[PDB]
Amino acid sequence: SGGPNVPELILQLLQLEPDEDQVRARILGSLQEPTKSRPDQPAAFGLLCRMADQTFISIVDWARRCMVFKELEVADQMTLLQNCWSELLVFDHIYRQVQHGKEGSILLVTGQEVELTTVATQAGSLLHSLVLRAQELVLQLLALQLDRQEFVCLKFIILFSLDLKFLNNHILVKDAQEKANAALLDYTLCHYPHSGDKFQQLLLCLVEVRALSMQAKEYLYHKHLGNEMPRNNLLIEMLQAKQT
């Protein structure tokens, strides 16, 4: 629901969440910049790549001003991001469909709608599958009645969903994971008016988000091998980072 008693971590995360209007304008403005369009590709492909890059830019900004994360060193900060970047982008996309959702189309961060019929006839089987799978998560999260409080908590959980051995500051990150889960559990137990373990049901979704994110990287990798990606693409840099 709303919350007379909302976990402090969640309340703070709500205030750290960027404004969708200014994010949209900033990205729209970024896409307006003139570019060297290659003649062997639809111009839309390059723009969509840049759009996703700028989306990740805004996501990195969000992480930077997060509690605990801001108290970390650049070494650990990069490690966390290099591990959860695709997951955060996918989850961003998914929640966008939850907020503003017609079942016949998907909404992009720029504000433009693409009907599923377009994707079915214009996209390859891989991307088509990714979009359809993502919509299944959206449908499930709507059924579970995902709200803003849970979304920001889930994002935070995603950010720190890593094995402690790959980081330098164990205690600080370990504490964050425990607090994040506790917050999610506390909120769901206090707010879910239905039956079913919402805390566990949401964590199951994260498992699917992560698997969905894996396939997205495979899509990016395929385009990368075919020299289809624009040079100095941020996502490809993230994809080419050493895996932890």
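Sequential numbering from 1, following the sequence displayed.
**Student:** What stretch has the higher average Cα B-factor here, 52-60 or 189-197?
**Tutor:** Looking at the record's C-alpha B-factors, the answer is 189-197.
**Student:** Tell me which stretch has the larger mean Cα B-factor in this entry, 68-76 or 114-122.
**Tutor:** Looking at the record's C-alpha B-factors, the answer is 68-76.
**Student:** Looking at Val98, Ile106, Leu81, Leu167, which has the highest Cα B-factor in the entry?
**Tutor:** When the deposited C-alpha B-factors of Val98, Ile106, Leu81, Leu167 are compared, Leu167 is largest.
**Student:** For the CA B factor values reported in this entry, which option in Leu132, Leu172, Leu154, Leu146 has the top one?
**Tutor:** Max CA B-factor in the entry, restricted to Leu132, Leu172, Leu154, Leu146: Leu172.
**Student:** Consider only the C-alpha atoms of the modelled residues in this chain, order them by B-factor as the entry records it, and name the third containing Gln215: lowest, middle or highest.
**Tutor:** Its C-alpha B-factor belongs to the lowest third of this chain's values.
**Student:** Going by the recorded CA B-factors, say which third of the chain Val207 sits in, lowest, middle or highest.
**Tutor:** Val207: CA B-factor falls in the lowest third of its chain.
**Student:** Lowest, middle or highest third: where is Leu235 by Cα B-factor in its chain?
**Tutor:** CA B-factor rank for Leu235: lowest third.
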